[PDB]
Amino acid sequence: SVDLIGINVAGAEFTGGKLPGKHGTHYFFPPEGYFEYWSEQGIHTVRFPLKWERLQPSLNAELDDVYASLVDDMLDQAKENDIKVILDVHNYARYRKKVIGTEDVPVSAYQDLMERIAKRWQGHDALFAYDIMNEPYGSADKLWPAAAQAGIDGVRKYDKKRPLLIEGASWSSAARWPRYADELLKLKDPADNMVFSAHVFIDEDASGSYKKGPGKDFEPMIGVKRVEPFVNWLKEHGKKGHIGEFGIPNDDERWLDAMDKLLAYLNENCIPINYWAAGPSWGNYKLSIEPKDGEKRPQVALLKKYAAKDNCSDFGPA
């Protein structure tokens, strides 16, 4: 099913500078019992970041069985708790700091990664979709459309049914989406099941740092206004959409009001959201909705409120 309400469960992509790194020290998968809390809160879809270099420490070669087995176990526990998972290659269109499409990371190497991801997990009932790359940016922007096509071709060799979540240039900015997304119109999916996925924060520079508070003259519809360029481009071109990353601090009611207004707008257009972020090792991270003693998480009640209003059967907009 297409749930409008989902969460990011981050941690497996942490500490990108430590490769391969050590599980429990540099990166973190959900412990056993982790998904139980979110299942009882009525959350049934999870977006799960992964690091390409840990999945595949050598281009064009087999996946690392140790890290991939941690993914196996995660998907099993999601199935235990009635959760479907979006796998997210959280790599900014780069492998070991080099852009997909340059000499050292040819698009064929990216295609090989996605072939291997799809081959290993297409048979897993808990797998919902592939977010084939998180936030292309910078020098990756011009090369990203060609990379995306190779990623699509790779998955479709082994999985011809699941949705493919296609992010855009410029950190997949929702507010800036129409400036660059026309180049994504050339993408071809034999299965005709692509969904575009933009990201939005409502701080000053949309970086999600929230260095400052809402400030005076704060516009509660700011979240709606920053996703309107994305949703209107989807309507103009007859495409389907998704918001794969959005989060707010827990310390100002004005943030919550804007998140309510955003979720209402997304509901009216059948656009799913993945809140950024839950996860087992976030510590004091200001956007975390993971339960923490000496923290309250008023974003969760808002998510649950709109999960009960979800009467969409497919990705919108209409």
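In case it trips you up, residue 1 is the first one in the sequence shown, and so on.
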- [ ] Compare the mean C-alpha B-factor of 270-278 with that of 250-258 as given in the PDB entry, and name the stretch with the higher value.
- [x] 250-258
Open item on the list: Quick check on the record: does 220-228 or 113-121 carry the larger mean Cα temperature factor?
Closed with: 220-228
Open item on the list: Among 57, 291, 30, 49, where is the Cα B factor highest in this entry?
Closed with: 291
- [ ] Have a look at 91, 170, 197, 207 and flag the one whose Cα has the highest B-factor in the entry.
- [x] 207
TODO: Report the third (lowest, middle or highest) to which the CA temperature factor of residue 191 belongs, ranking only the modelled residues of the same chain.
DONE: highest
Open item on the list: Splitting the chain's C-alpha B-factors into thirds, which one does residue 139 fall into?
Closed with: highest
Task: Entry-reported Cα temperature factor of residue 318, expressed as the chain third it lands in - done: highest
- [ ] Could you look up the Cα B-factor of residue 67 in the entry and say which third of the chain it sits in: lowest, middle or highest?
- [x] lowest
Open item on the list: Split into thirds by Cα B-factor across the chain's modelled residues, where does residue 131 land: lowest, middle or highest?
Closed with: lowest
